[PDB]
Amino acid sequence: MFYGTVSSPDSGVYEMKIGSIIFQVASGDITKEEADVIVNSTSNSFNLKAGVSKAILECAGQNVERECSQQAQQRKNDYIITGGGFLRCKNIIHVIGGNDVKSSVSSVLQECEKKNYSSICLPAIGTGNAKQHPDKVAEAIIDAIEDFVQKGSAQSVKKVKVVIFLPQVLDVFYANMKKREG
């Protein structure tokens, strides 16, 4: 009851409506994206520096690294919200790559509504160091957005973009979108 048609605005880039949200996928470097929130896929200690998290932490800067460790030594966090540092965003949300991906995405969406944010950019959460399977990750990300729309929760959020390091993972996301199209 929610999905539009899959189309391609540029070479290797794909989009479809899910209710009121435009869902987009593309392969590339997530550290040169602009969005209200950029998501980092990290460890349960919020200090992973390998793969996409290496790139995010080095570009964001030592003040963001400091924010992560400061917050990690206060309570048991499922995820952590920091400033964007020298990334082009208002906040970074650091999620645990090994956690349930649907749950992690649902939390990001809810935190973005709380701040009246309109745009989100995320990696293929959990497919790096955590070694979750790409089609299970794609299914979980898109399911989280469907549930958020079904509940009438999308108000400020208008665009959700997955920027994916490996082209082979981009191909898996495309196939999952085609399976759902209306």
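Residues carry their position along the shown sequence, with the first being 1.
Of 29-37 and 64-72, which one has the bigger average CA B-factor?
Comparing 64-72 with 29-37, the higher average CA B-factor belongs to 64-72.
When the Cα temperature factors in the entry are averaged, is it 171-179 or 2-10 that ends up higher?
It is 2-10.
Would you mind finding, among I125, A55, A144, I120, the residue with the largest C-alpha temperature factor in the entry?
That would be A55.
Rank-wise, by C-alpha B-factor, drop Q155 into the lowest, middle or highest third of its chain.
CA B-factor rank for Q155: middle third.
Can you tell me which third, lowest, middle or highest, the CA B-factor of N44 falls into for its chain?
Highest third of the chain for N44's C-alpha B-factor.
Chain third (lowest, middle, highest) by recorded CA B-factor, residue given as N77:
CA B-factor rank for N77: highest third.
Could you say whether, by C-alpha temperature factor, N116 belongs to the lowest, middle or highest third of its chain?
Within its chain, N116 is a lowest-third residue by C-alpha B-factor, going by the deposited values.
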